[PDB]
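Participant: Structure file input-v7.txt, compact mmCIF, C-alpha atoms and all ligand atoms, is pasted below:
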```txt
# COMPACT_ATOMS: atom_id res chain seq x y z
CA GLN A 25 -16.70 9.60 -20.75
CA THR A 26 -17.53 6.23 -19.18
CA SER A 27 -15.72 3.18 -20.56
CA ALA A 28 -16.94 -0.44 -20.55
CA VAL A 29 -14.40 -1.15 -17.80
CA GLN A 30 -15.59 1.80 -15.70
CA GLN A 31 -19.18 0.61 -16.16
CA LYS A 32 -18.24 -2.89 -14.98
CA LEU A 33 -16.48 -1.42 -11.93
CA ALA A 34 -19.55 0.68 -11.11
CA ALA A 35 -21.71 -2.48 -11.30
CA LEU A 36 -19.30 -4.32 -8.99
CA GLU A 37 -19.40 -1.36 -6.60
CA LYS A 38 -23.21 -1.22 -6.64
CA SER A 39 -23.53 -4.93 -5.78
CA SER A 40 -20.92 -4.59 -3.01
CA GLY A 41 -22.75 -1.84 -1.10
CA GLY A 42 -19.50 0.06 -0.50
CA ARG A 43 -17.26 2.59 -2.23
CA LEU A 44 -14.60 1.38 -4.64
CA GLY A 45 -11.55 3.27 -5.95
CA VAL A 46 -9.37 1.96 -8.76
CA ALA A 47 -6.32 3.27 -10.61
CA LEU A 48 -4.42 1.35 -13.26
CA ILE A 49 -1.32 2.51 -15.10
CA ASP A 50 -0.33 0.30 -18.02
CA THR A 51 3.38 1.02 -18.59
CA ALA A 52 3.12 -0.40 -22.14
CA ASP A 53 1.54 2.88 -23.26
CA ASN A 54 1.27 4.90 -19.98
CA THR A 55 -2.52 4.86 -20.26
CA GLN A 56 -4.62 5.05 -17.14
CA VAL A 57 -7.89 3.46 -16.14
CA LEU A 59 -9.59 5.33 -13.08
CA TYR A 60 -12.70 4.69 -11.09
CA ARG A 61 -13.25 7.32 -8.38
CA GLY A 62 -9.59 8.02 -9.09
CA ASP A 63 -9.62 11.41 -7.39
CA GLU A 64 -11.67 10.49 -4.33
CA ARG A 65 -9.93 10.04 -0.99
CA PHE A 66 -9.74 6.65 0.71
CA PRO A 67 -8.15 5.60 4.03
CA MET A 68 -4.83 3.92 3.17
CA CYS A 69 -4.53 1.70 6.25
CA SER A 70 -1.46 -0.58 5.90
CA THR A 71 -0.87 0.40 2.26
CA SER A 72 0.86 3.45 3.79
CA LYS A 73 3.67 1.08 4.89
CA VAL A 74 5.03 1.25 1.34
CA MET A 75 5.58 5.00 1.63
CA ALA A 76 7.28 4.66 5.03
CA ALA A 77 9.61 1.85 3.89
CA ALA A 78 10.44 3.82 0.74
CA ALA A 79 11.24 6.94 2.78
CA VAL A 80 13.69 4.92 4.88
CA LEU A 81 15.18 3.43 1.69
CA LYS A 82 15.71 7.01 0.45
CA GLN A 83 17.50 7.90 3.69
CA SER A 84 19.73 4.82 3.25
CA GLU A 85 21.03 6.23 -0.07
CA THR A 86 23.20 8.66 1.91
CA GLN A 87 23.88 6.16 4.74
CA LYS A 88 25.19 2.75 3.60
CA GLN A 89 24.75 1.32 7.12
CA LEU A 90 21.30 2.71 7.98
CA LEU A 91 19.46 -0.51 7.16
CA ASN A 92 21.71 -2.40 9.59
CA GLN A 93 21.02 0.10 12.39
CA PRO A 94 19.43 -1.57 15.44
CA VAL A 95 16.18 -0.25 16.89
CA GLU A 96 15.11 -1.27 20.39
CA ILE A 97 11.77 -3.06 20.69
CA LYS A 98 10.20 -2.60 24.12
CA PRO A 99 7.08 -4.25 25.60
CA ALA A 100 5.34 -0.84 25.46
CA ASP A 101 5.98 -0.63 21.69
CA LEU A 102 3.72 -3.58 20.89
CA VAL A 103 0.44 -2.50 19.35
CA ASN A 104 -2.49 -4.55 17.98
CA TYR A 105 -0.74 -6.70 15.37
CA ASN A 106 2.95 -7.46 15.71
CA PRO A 107 3.72 -11.01 14.47
CA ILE A 108 7.43 -10.25 13.94
CA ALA A 109 8.17 -7.52 16.49
CA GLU A 110 6.76 -9.53 19.42
CA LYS A 111 9.56 -12.07 18.89
CA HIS A 112 12.15 -9.34 19.42
CA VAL A 113 10.73 -7.53 22.47
CA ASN A 114 13.54 -6.53 24.88
CA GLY A 115 15.92 -6.96 21.92
CA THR A 116 16.52 -5.10 18.66
CA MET A 117 15.58 -5.23 14.99
CA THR A 118 17.43 -3.49 12.18
CA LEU A 119 15.68 -0.99 9.90
CA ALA A 120 15.85 -3.60 7.12
CA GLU A 121 14.17 -6.16 9.41
CA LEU A 122 11.53 -3.60 10.34
CA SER A 123 10.92 -2.72 6.68
CA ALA A 124 10.59 -6.39 5.72
CA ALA A 125 8.26 -7.07 8.67
CA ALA A 126 6.07 -4.05 7.89
CA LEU A 127 5.83 -4.84 4.19
CA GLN A 128 5.67 -8.62 4.12
CA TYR A 129 3.73 -9.33 7.34
CA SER A 130 1.98 -5.95 7.84
CA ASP A 131 3.60 -5.69 11.30
CA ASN A 132 2.27 -2.54 13.00
CA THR A 133 5.05 -2.14 15.56
CA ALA A 134 7.51 -2.32 12.66
CA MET A 135 5.58 0.45 10.90
CA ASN A 136 5.73 2.62 14.01
CA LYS A 137 9.51 2.26 14.09
CA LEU A 138 9.74 3.34 10.44
CA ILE A 139 7.55 6.35 11.24
CA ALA A 140 9.73 7.23 14.27
CA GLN A 141 12.88 6.98 12.15
CA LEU A 142 11.32 9.58 9.82
CA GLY A 143 10.39 11.91 12.73
CA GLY A 144 6.69 11.14 12.87
CA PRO A 145 3.82 10.77 10.40
CA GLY A 146 4.72 14.13 8.78
CA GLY A 147 8.13 12.71 7.86
CA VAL A 148 6.34 10.19 5.67
CA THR A 149 4.18 12.93 4.10
CA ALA A 150 7.32 15.01 3.49
CA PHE A 151 8.91 12.15 1.55
CA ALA A 152 5.75 11.80 -0.54
CA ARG A 153 5.96 15.50 -1.41
CA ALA A 154 9.66 15.15 -2.29
CA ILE A 155 8.80 12.54 -4.92
CA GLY A 156 5.98 14.59 -6.43
CA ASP A 157 2.98 13.19 -4.55
CA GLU A 158 0.91 16.18 -3.44
CA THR A 159 -2.00 14.03 -2.28
CA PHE A 160 -0.74 11.43 0.21
CA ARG A 161 -1.01 12.37 3.89
CA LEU A 162 -0.01 10.37 6.94
CA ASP A 163 -1.32 11.99 10.13
CA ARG A 164 -1.22 9.24 12.76
CA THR A 165 0.70 6.14 13.82
CA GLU A 166 -0.51 2.54 14.15
CA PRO A 167 -3.15 1.58 15.08
CA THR A 168 -5.20 4.79 14.98
CA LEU A 169 -4.35 5.45 11.31
CA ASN A 170 -6.92 2.66 10.61
CA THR A 171 -10.04 4.41 11.97
CA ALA A 172 -11.09 4.96 8.34
CA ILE A 173 -14.00 7.25 9.26
CA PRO A 174 -15.98 8.34 6.19
CA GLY A 175 -15.16 11.93 5.23
CA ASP A 176 -12.04 12.02 7.43
CA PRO A 177 -9.02 13.25 5.43
CA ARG A 178 -6.48 11.83 7.91
CA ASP A 179 -4.25 9.05 6.58
CA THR A 180 -5.80 9.12 3.11
CA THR A 181 -4.78 9.32 -0.51
CA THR A 182 -6.48 8.96 -3.92
CA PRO A 183 -6.15 5.95 -6.22
CA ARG A 184 -4.61 8.15 -8.96
CA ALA A 185 -1.97 9.53 -6.62
CA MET A 186 -0.98 6.19 -5.12
CA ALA A 187 -0.73 4.51 -8.53
CA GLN A 188 1.54 7.27 -9.85
CA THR A 189 3.70 7.08 -6.71
CA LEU A 190 3.92 3.29 -6.73
CA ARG A 191 5.06 3.47 -10.36
CA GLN A 192 7.76 6.04 -9.56
CA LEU A 193 8.97 3.98 -6.56
CA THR A 194 9.01 0.53 -8.15
CA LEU A 195 9.58 1.16 -11.86
CA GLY A 196 10.77 4.78 -12.04
CA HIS A 197 13.59 6.75 -10.43
CA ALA A 198 12.15 8.02 -7.14
CA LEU A 199 14.69 5.72 -5.45
CA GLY A 200 18.25 4.73 -6.36
CA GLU A 201 18.57 1.54 -8.41
CA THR A 202 19.66 -0.63 -5.45
CA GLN A 203 16.83 0.75 -3.30
CA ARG A 204 14.17 0.32 -6.00
CA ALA A 205 15.29 -3.31 -6.36
CA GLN A 206 15.07 -3.84 -2.59
CA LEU A 207 11.55 -2.41 -2.52
CA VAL A 208 10.46 -4.65 -5.40
CA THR A 209 12.04 -7.68 -3.67
CA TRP A 210 10.10 -6.90 -0.48
CA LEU A 211 6.77 -6.41 -2.28
CA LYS A 212 7.23 -9.60 -4.30
CA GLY A 213 7.72 -11.53 -1.04
CA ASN A 214 4.51 -10.25 0.54
CA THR A 215 2.67 -12.96 2.48
CA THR A 216 -0.77 -11.32 2.77
CA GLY A 217 -1.82 -10.73 -0.84
CA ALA A 218 -3.17 -13.93 -2.42
CA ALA A 219 -6.88 -13.14 -1.81
CA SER A 220 -6.77 -9.56 -3.08
CA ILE A 221 -5.56 -8.12 -6.44
CA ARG A 222 -3.60 -11.32 -7.15
CA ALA A 223 -6.76 -13.44 -6.91
CA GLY A 224 -8.20 -11.60 -9.92
CA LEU A 225 -5.16 -11.99 -12.18
CA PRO A 226 -4.22 -14.81 -14.55
CA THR A 227 -2.13 -17.33 -12.61
CA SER A 228 0.82 -17.01 -15.04
CA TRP A 229 1.32 -13.34 -14.05
CA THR A 230 3.68 -12.29 -11.25
CA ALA A 231 3.21 -9.36 -8.85
CA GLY A 232 4.30 -7.66 -5.65
CA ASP A 233 1.70 -6.00 -3.45
CA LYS A 234 0.85 -4.42 -0.12
CA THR A 235 -2.57 -4.96 1.41
CA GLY A 236 -4.41 -2.88 3.96
CA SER A 237 -7.41 -3.32 6.19
CA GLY A 238 -9.15 -1.15 8.71
CA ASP A 240 -12.43 -0.03 10.32
CA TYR A 241 -15.47 0.53 8.09
CA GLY A 242 -14.56 -2.79 6.43
CA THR A 243 -11.78 -0.98 4.64
CA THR A 244 -10.03 -3.43 2.33
CA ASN A 245 -7.13 -2.23 0.18
CA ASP A 246 -4.35 -3.47 -2.08
CA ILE A 247 -1.66 -1.76 -4.15
CA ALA A 248 0.34 -3.81 -6.65
CA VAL A 249 3.03 -3.80 -9.29
CA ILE A 250 2.23 -6.51 -11.81
CA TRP A 251 4.29 -8.28 -14.46
CA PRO A 252 1.76 -9.87 -16.96
CA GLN A 254 2.92 -12.69 -19.18
CA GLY A 255 4.57 -11.23 -22.18
CA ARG A 256 4.02 -7.48 -21.73
CA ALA A 257 5.14 -4.36 -19.86
CA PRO A 258 4.35 -4.07 -16.14
CA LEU A 259 1.15 -2.62 -14.69
CA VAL A 260 0.55 -0.63 -11.53
CA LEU A 261 -2.83 -1.22 -9.90
CA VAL A 262 -4.41 0.22 -6.78
CA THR A 263 -7.77 -0.99 -5.46
CA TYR A 264 -9.31 0.73 -2.45
CA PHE A 265 -12.61 -0.26 -0.84
CA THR A 266 -14.49 1.11 2.15
CA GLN A 267 -17.95 0.54 3.62
CA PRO A 268 -20.60 2.57 5.46
CA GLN A 269 -20.69 0.65 8.81
CA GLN A 270 -17.78 0.83 11.29
CA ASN A 271 -17.80 -2.91 11.97
CA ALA A 272 -18.19 -4.04 8.34
CA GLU A 273 -16.45 -7.27 7.30
CA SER A 274 -13.40 -7.36 5.01
CA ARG A 275 -14.14 -7.75 1.29
CA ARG A 276 -10.94 -8.93 -0.38
CA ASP A 277 -13.14 -10.64 -2.98
CA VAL A 278 -14.23 -7.16 -4.20
CA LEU A 279 -10.57 -6.28 -4.83
CA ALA A 280 -10.05 -9.55 -6.72
CA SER A 281 -13.15 -8.78 -8.82
CA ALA A 282 -11.86 -5.29 -9.63
CA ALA A 283 -8.51 -6.73 -10.68
CA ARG A 284 -10.27 -9.32 -12.87
CA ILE A 285 -12.28 -6.58 -14.61
CA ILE A 286 -9.07 -4.57 -15.20
CA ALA A 287 -7.20 -7.63 -16.57
CA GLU A 288 -10.06 -8.58 -18.92
CA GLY A 289 -10.17 -4.98 -20.20
CA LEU A 290 -6.56 -5.07 -21.41
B1 LIG B 301 -2.80 -2.06 8.42
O1 LIG B 301 -2.70 -0.70 9.15
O2 LIG B 301 -3.95 -2.15 7.45
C1 LIG B 301 -3.19 -3.19 9.49
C2 LIG B 301 -3.22 -4.61 9.27
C3 LIG B 301 -2.89 -5.40 8.11
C4 LIG B 301 -3.42 -5.02 6.96
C5 LIG B 301 -3.33 -6.08 5.97
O3 LIG B 301 -3.92 -5.92 4.88
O4 LIG B 301 -2.79 -7.18 6.28
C6 LIG B 301 -3.72 -5.32 10.52
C7 LIG B 301 -3.95 -6.73 10.72
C8 LIG B 301 -4.44 -7.14 11.96
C9 LIG B 301 -4.72 -6.21 12.99
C10 LIG B 301 -4.51 -4.86 12.81
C11 LIG B 301 -4.02 -4.38 11.55
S1 LIG B 301 -3.71 -2.79 11.05
```
Could you render the structure from this file as structure tokens?

Facilitator:
Amino acid sequence: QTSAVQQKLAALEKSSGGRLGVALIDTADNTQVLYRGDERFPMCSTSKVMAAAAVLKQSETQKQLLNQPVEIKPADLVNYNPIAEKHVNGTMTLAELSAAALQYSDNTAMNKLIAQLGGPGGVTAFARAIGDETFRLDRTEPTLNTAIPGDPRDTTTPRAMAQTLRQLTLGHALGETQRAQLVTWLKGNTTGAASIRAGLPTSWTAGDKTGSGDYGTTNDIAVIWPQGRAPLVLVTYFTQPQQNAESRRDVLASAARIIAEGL
């Protein structure tokens, strides 16, 4: 079956020239609204949520883990490191690295989270431990952003990421303290105002993590608190056929608007 909302999303996709993936979970009734929900998309920086969450899980059995210093060396700097570059030849704690990765999309910070987990497979292993059989992280920053069409590396599906984001932020995949910390970090994101949030009524609140890569890959995953109703989880993935395609955050905003108007 094709709903009115799915038809609107297909029309948006057609006009955009790219490939759009959407998954909504409305926690009022647990109903789902999917568009290419089982197709794979490159996650790009949206994978930072899984890495931060995996470190939060580790911290449940180590009260001091988040205060643990990690050395930042000149050689650790990658392609986008607005926070880590300030701390080169010094240290950042795992909490500081998590906050930098989530709220500023700092790529050096992400690489330190990955290293703490023993490599990209450590992030995948955490995903499996919380019931996500779809997520895969194969590479570090910045190569996890190559976003080559048909490449399964560093991909997930909208359905899988929406389910996982729900379990992490609203469910019991993490301890209560850790879930709260994750929600706090997402709510303080600095990079999200042009993406999912731009399509939502201004009265609503949300936390999100954006992503961008090659092939004009433009992503956002959000937990949303709409005025006067139960929270939503929304993931919007978008990727384009040319390697050097421009970002299209407006497409994500449009998808979010269609979803909101369909409630
Ligand atoms: B992530 O791996 O998508 C990367 C981001 C940030 C994504 C976002 O949505 O802010 C950047 C930003 C600048 C240069 C490289 C990367 S990788």

Participant: With 8 Å as the threshold, what does the neighbourhood of (-5.8, 1.8, 4.1) contain in terms of residues, counting all atoms listed in the file? Coordinates are those of the file; answer as an NGL selection string.

Facilitator: :A and (66-72 or 170 or 172 or 179-180 or 235-238 or 243-245 or 264)

Participant: Please provide the set of residues having any atom within 8 Å of residue 248 in chain A, restricted to all atoms listed in the file, with same-chain residues fewer than 4 positions apart removed, written as number ranges by chain.

Facilitator: A: 190, 221, 231-234, 260-262

Participant: Of the candidates A:137, A:61, A:82, A:204, which shows the shortest atom-to-atom distance to residue 97 in chain A, using all atoms listed in the file?

Facilitator: A:137

Participant: Between CA of residue 246 in chain A and atom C5 of ligand LIG 301 (chain B), what is the spacing in Å?

Facilitator: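 Value for the atom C5 of ligand LIG 301 (chain B)-CA of residue 246 in chain A distance: 8.5 Å.
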
Participant: Report the distance between CA of residue 276 in chain A and CA of residue 220 in chain A in Å, rounded to one decimal place.

Facilitator: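 Separation of CA of residue 276 in chain A and CA of residue 220 in chain A: 5.0 Å.
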
Participant: For ligand LIG 301 (chain B), which of A:226, A:255, A:107, A:175 is the closest residue, counting only C-alpha atoms and all ligand atoms?

Facilitator: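 Closest to ligand LIG 301 (chain B) of all the choices is A:107.
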
Participant: Where's the centre, and what are the edge lengths in Å to one decimal, of a box along x, y and z enclosing all listed atoms of ligand LIG 301 (chain B) padded 3 Å per side, as AutoDock Vina command-line options?

Facilitator:
```
--center_x -3.7 --center_y -3.9 --center_z 8.9 --size_x 8.0 --size_y 12.5 --size_z 14.1
```

Participant: Using only C-alpha atoms and all ligand atoms, find the one residue out of A:136, A:149, A:159, A:116 that sits nearest to ligand LIG 301 (chain B).

Facilitator: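 Distance minimum relative to ligand LIG 301 (chain B) lands on A:136.
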
Participant: List the spatial neighbours of residue 95 in chain A as a compact mmCIF listing (two decimals) with C-alpha atoms, in the frame of the given file - criterion: any atom at most 9 Å away, only C-alpha atoms, same-chain residues fewer than 3 positions off excluded.

Facilitator:
```
# COMPACT_ATOMS: atom_id res chain seq x y z
CA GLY A 115 15.92 -6.96 21.92
CA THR A 116 16.52 -5.10 18.66
CA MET A 117 15.58 -5.23 14.99
CA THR A 118 17.43 -3.49 12.18
CA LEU A 119 15.68 -0.99 9.90
CA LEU A 122 11.53 -3.60 10.34
CA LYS A 137 9.51 2.26 14.09
```

Participant: Could you check which of A:33, A:199, A:103, A:79 is closest to ligand LIG 301 (chain B), using all atoms listed in the file?

Facilitator: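 Closest to ligand LIG 301 (chain B), using all atoms listed in the file: A:103.
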